[PDB]
Amino acid sequence: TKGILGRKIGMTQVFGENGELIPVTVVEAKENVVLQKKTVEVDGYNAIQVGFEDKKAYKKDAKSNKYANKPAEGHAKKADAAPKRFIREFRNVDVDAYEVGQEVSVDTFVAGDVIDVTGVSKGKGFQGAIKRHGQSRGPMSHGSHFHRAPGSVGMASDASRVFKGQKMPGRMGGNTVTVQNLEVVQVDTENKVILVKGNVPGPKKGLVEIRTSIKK
Amino acid sequence: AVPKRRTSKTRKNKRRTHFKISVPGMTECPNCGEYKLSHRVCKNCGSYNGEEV
Amino acid sequence: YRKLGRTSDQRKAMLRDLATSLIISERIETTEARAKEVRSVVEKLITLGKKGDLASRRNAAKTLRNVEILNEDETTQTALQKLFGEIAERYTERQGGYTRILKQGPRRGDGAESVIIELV
Amino acid sequence: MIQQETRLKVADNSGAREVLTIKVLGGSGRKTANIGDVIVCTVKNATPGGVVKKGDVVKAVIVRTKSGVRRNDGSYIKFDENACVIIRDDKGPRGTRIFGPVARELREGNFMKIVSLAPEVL
Amino acid sequence: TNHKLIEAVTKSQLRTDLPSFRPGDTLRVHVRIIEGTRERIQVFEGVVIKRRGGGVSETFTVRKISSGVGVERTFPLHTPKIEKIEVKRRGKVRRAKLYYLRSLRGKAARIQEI
RNA sequence: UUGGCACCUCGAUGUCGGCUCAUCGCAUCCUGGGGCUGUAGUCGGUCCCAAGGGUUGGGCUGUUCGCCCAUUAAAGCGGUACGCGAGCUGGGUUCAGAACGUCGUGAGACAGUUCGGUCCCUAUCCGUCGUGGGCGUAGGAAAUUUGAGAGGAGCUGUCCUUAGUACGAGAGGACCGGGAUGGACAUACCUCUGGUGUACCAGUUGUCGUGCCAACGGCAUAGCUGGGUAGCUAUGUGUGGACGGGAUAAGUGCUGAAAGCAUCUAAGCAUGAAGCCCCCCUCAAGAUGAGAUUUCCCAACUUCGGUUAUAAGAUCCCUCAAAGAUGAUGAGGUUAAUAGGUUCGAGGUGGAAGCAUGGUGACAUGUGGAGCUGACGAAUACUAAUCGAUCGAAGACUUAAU
Ligand SMILES: [Mg+2]
Ligand SMILES: [Mg+2]
Ligand SMILES: [Mg+2]
Ligand SMILES: [Mg+2]
Ligand SMILES: [Mg+2]
Ligand SMILES: [Mg+2]
Ligand SMILES: [Mg+2]
Ligand SMILES: [Mg+2]
Ligand SMILES: [Mg+2]
Ligand SMILES: [Mg+2]
Ligand SMILES: [Mg+2]
Ligand SMILES: [Mg+2]
Ligand SMILES: [Mg+2]
Ligand SMILES: [Zn+2]
């Protein structure tokens with residue numbers, strides 16, 4: 001079981017051995033370091049905490065997340081590492097295989113590895129029931145005054161209320177999503193890029209977490 | 001459509017908890033010492049960033 | 001880009017009027033949103049002036065309004081001529097940043113953020 | 001993308017000229033058919049003296065579509081028209097001649113006789 | 001350019017053996033076709049009606065009339081499936097996309113050689 | 001269901017069907033597990049367990065029904081004010097017009113028919129879907145988290161092989177097991193195929209301007225037309241319901257007496273479903289039971305009660321977008337690439353203007369893949385993120401241990 005953190009760059013295509021067009025997503029997974037190792041003894045569970053992407057060192061009057069705060073700088077320093085923008089825990093990996101301050105390389109994954117990619121999906125803002133919940137529209141003509149409305153939200157005196165889980169307009173997207181059983185097409189060590197077959201959630205520049213597929 | 005019951009003074013006033021205006025984001029102008037809006041030209045002396053506007 | 005609460009034709013027309021006015025006066029008081037849009041339009045006009053070629057003059061003529069500026073000498077110069085003369089000459093050695101916006105604060109009528117946009 | 005009520009030209013000498021799609025076979029709620037899919041159809045226009053008559057309910061295989069098909073290599077083939085061939089239960093054509101080009105996807109479907117008869121397989 | 005990482009990873013995919021062509025040109029595309037076990041080259045000859053995209057994602061569309069039926073083949077430019085491309089003729093056209101040809105036939109559909 | 005009764009409602013509880021959105025029961029339509037069979041096999045019949053998921057499109061009719069066409073694994077039956085009109089429709093029915101048949105002397109009338117015929121409402125409360133602020137969580141903070149709980153998902157076809165084997169006179173033709181590939185559905189995403197693309201490029205009509213020519217601008221749906229970037233998108237591209245574990249149902253037993261036999265049950269011990277609890281995905285410590293880990297901050301005053309601004313930190317304000325109704329979130333704020341500009345590209349368009357040349361001319365060709373170009377890549381402090389201000393600890397008691 002392996003895990004790495006990367007940023008989504010975009011999509012492209014690669015030609016397979018038989019000349020099949022393979023839709024791919026380019027992920028850059030440079031600057032991964034094991035910040036901390038969590039153990040059952042101390043934390044009650046085993047995990048490695050990986051910090052990805054170096055951030056600038058602490059300064060006195062930092063006004064942004066670009067510069068590490070004193071708490072963050074200390075945590076990273078314990079691992080003898082530079083402060084990191086993104087930090088995530090991998091429970092799947094074996095703690096013994098890793099040492100604190102160790103670099104996690106893209107070469108950990110190899111071509112043909114089946115992986116699960118986790119990321120936050122693209123935000124869509126306030127969205128109606130048709131787009132958010134894939135509901136059918138009402139008639140567009142024939143006297144209709146019902147087009148993009150959600151429909152009846154209940155029954156009558158029996159229940160005299162709307163049940164929890166009724167599908168209504170609200171904020172859509174910006175949700176954690178895991179796409180399972182994706183494949184590593186290629187690993188570029190020089191550019192620190194992993195090529196994942198298919199597409200993964202979130203905008204370009206978004207954080208992606210790549211893990212060995214849970215289902216095998 | 002219409003209110004079934006009148007709103008009590010208590011309920012109305014609870015609703016008005018967040019109905020308020022904040023103090024303007026103002027700082028003392030360095031040149032004249034009168035308060036000015038931050039990132040705005042000082043109206044009193046007509047100076048911004050140590051230069052007359 | 002900003003819609004500025006106008007339709008496409010109205011938006012384009014107002015931006016031409018604003019750009020020409022800024023070129024003539026060299027400083028104008030307007031709303032922040034309009035100023036933020038106009039800075040792009042004017043600077044692209046300055047770019048054309050700095051190139052100075054006939055094609056650039058014709059490209060600038062598409063945007064600039066036909067107005068007459070009365071000089072102290074009493075000579076009359078069109079906005080296009082001022083752009084391709086004095087304004088272009090001033091900013092020859094400067095690369096971008098031909099305008100600045102200074103916030104003035106809200107106005108009484110609608111609370112709109114008044115700003116001054118000026119060349120330099 | 002052929003659906004219910006789609007009219008297709010018939011690319012054969014079976015005696016049917018135009019058919020209308022009664023059904024797309026291959027599952028409940030199945031909406032569309034493309035090249036290689038079998039459809040149930042009624043004959044709307046028939047050439048006189050042909051074997052197949054107007055108003056006959058028959059089965060046909062789709063040979064060309066405007067939608068076209070995408071191949072695994074990322075290549076596409078699209079046709080100017082939507083065409084079908086009236087077929088027997090064995091998948092053999094009712095008519096003796098196939099008219100116009102057919103997609104190679106018919107070979108996958110095991111419509112070998114049609115593929116053989118077709119002037120060009122692309 | 002495009003994102004530099006995308007260009008770096010897909011640079012190997014690009015083919016440098018391909019000839020230069022424009023929409024309106026007549027191309028003889030030699031396509032590697034597998035029928036059962038057997039593999040052979042089948043030539044599709046037609047006018048290029050469209051070229052779009054960039055890098056490894058670039059595609060082109062060739063149009064031919066077969067037995068009175070228009071057929072369009074869209075190909076990825078850098079697909080290994082194309083053995084070779086030959087430019088038979090260079091055509092005079094006034095636009096990048098020749099969609100108007102789809103509704104034309106015979107003399108109306110003719111394109112003048114450069 | 002048709003009724004009976006007349007108990008809430010006549011200072012109004014809108015009524016058929018459809019549409020939208022569902023939700024529940026199981027007397028189960030399909031799929032899963034069984035028993036018996038007048039069960040050879042393949043198919044069936046009947047009964048038991050089982051509600052996890054699934055349960056199509058048309059013709060006719062206002063229809064509900066129902067019949068029919070074509071499918072499907074199946075086209076389940078019921079409740080929810082015959083669910084749902086402050087969500088929609090308004091064809092039927094149930095106003096005023098008119099007509100037919102019929103009845104009436106007549107005015108008129110008819111669960112007979114025919115044609116036509118106004119569906120209002122800015123959401124207060126609960127409820128529901130989203131999204132913030134306060135305080136708490138015995139110091140003040142930054143990150144990473146455990147998961148009590150809760151939600152989601154849960155469906156199936158066909159084909160190949162085992163095997164023309166079992167079975168069977170033949171016809172026909174298994175199980176069990178192993179593969180492959182679909183339908184429907186869900187979800188993420190725009191590389192591809194397409195859609196849109198009102199500050200992209202080009203062609204073109206009428207008319208009015210920039211004095212005229214040339215070149216341009218206004219108006220005509222964006223005047224119209226052909227393309228089209230980013231973004232947003234489906235019909236496009238990936239992925240999923242896998243493999244399993246534990247306990248069970250109807251069942252099937254092993255051992256076994258009461259009851260010397262027998263007996264699956266009483267003691268004891270196994271096996272056994274798409275179902276149950278997990279496994280998978282998502283939320284989640286206001287889980288007031290407020291959890292854990294790592295790191296940061298740690299002083300003076302004092303009436304000795306405690307206070308104080310400051311620390312770490314975080315905001316105001318400002319430049320913004322991957323975020324967004326607003327908040328919020330995230331990228332930045334000069335010790336700076338946050339945006340604009342500028343410069344260089346990608347993609348798009350398709351050959352600018354000017355000049356020259358050929359033609360009587362409309363035009364053509366060359367200069368020259370030209371010129372132009374929103375959102376995309378990179379670089380560059382030229383412009384703007386100024387100067388500032390505000391908030392924010394000093395850690396209660398008891399007991400035990402050390
Ligand atoms: Mg609909
Ligand atoms: Mg409407
Ligand atoms: Mg009584
Ligand atoms: Mg009342
Ligand atoms: Mg039962
Ligand atoms: Mg009802
Ligand atoms: Mg109602
Ligand atoms: Mg009516
Ligand atoms: Mg009556
Ligand atoms: Mg794109
Ligand atoms: Mg005009
Ligand atoms: Mg003219
Ligand atoms: Mg007018
Ligand atoms: Zn001042």
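All values below were derived from every heavy atom in this structure, side-chain atoms included, with hydrogens, water molecules and symmetry-related copies excluded. So that the names make sense, note that chain A is the first sequence line, chain B the second, and so on, each numbered from 1.
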Inset, instruction - To the nearest 0.5 Å, tell me how far D:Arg104 CZ sits from E:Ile34 CD1. - result: 10.0 Å
Inset, instruction - State the CD1-OG1 distance between D:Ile77 and E:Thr74, to the nearest 0.5 angstrom. - result: 10.0 Å
Legend entry - Approximate separation, where rounding is to 0.5 Å, of D:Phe79 CZ and E:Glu72 CD: 10.5 Å
Inset, instruction - Mark yes when over 12 heavy atoms from residues, nucleotides or ligands other than D:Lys31 sit less than 6.0 Å from its NZ; otherwise mark no. - result: no
Legend entry - Pick from E:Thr79, E:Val69, E:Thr61 with the largest number of heavy-atom pairs that fall under 4.5 Å of chain D: E:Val69
Legend entry - chain E contact residues among residues 63-70 of chain D, heavy-atom distance under 4.5 Å: D:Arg64
Legend entry - Residue pair E:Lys64 / D:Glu120, side-chain heavy-atom distance below 4.5 Å: yes
Legend entry - Within 6.0 Å of CZ in E:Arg15, more than 12 heavy atoms from elsewhere: yes
Legend entry - Residue pair D:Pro101 / E:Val71: nearest heavy atoms and the distance that separates them: CG-CG2, 3.7 Å
Inset, instruction - Report, as yes or no, whether the 6.0 Å neighbourhood of atom CD on E:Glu39 holds more than 12 heavy atoms from other residues, nucleotides or ligands. - result: yes
Inset, instruction - Kindly indicate, with the supporting measurements, whether the criterion side chain to side chain contact (heavy atoms under 4.5 Å, CB included) is fulfilled by E:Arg73 and D:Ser75. - result: CA-CA 7 Å; E:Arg73 283 249 58 191; D:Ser75 70; 2.8 Å; yes
Inset, instruction - Please examine the side chains of E:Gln42 and D:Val121, heavy atoms only from C-beta on, and report whether any two atoms are closer than 4.5 Å. - result: no
Legend entry - E:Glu35 backbone acceptor or donor facing D:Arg107 side chain under 3.5 Å: no
Inset, instruction - Inspect the surroundings of CZ in E:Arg40 and state if more than 12 heavy atoms from other residues, nucleotides or ligands are less than 6.0 Å away. - result: yes
Inset, instruction - Output yes when E:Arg105 and D:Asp80 qualify as a salt bridge under the 4.0 Å nitrogen-oxygen rule, no when they do not. - result: yes
Legend entry - More than 12 heavy atoms from other groups under 6.0 Å of NZ on D:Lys91: yes
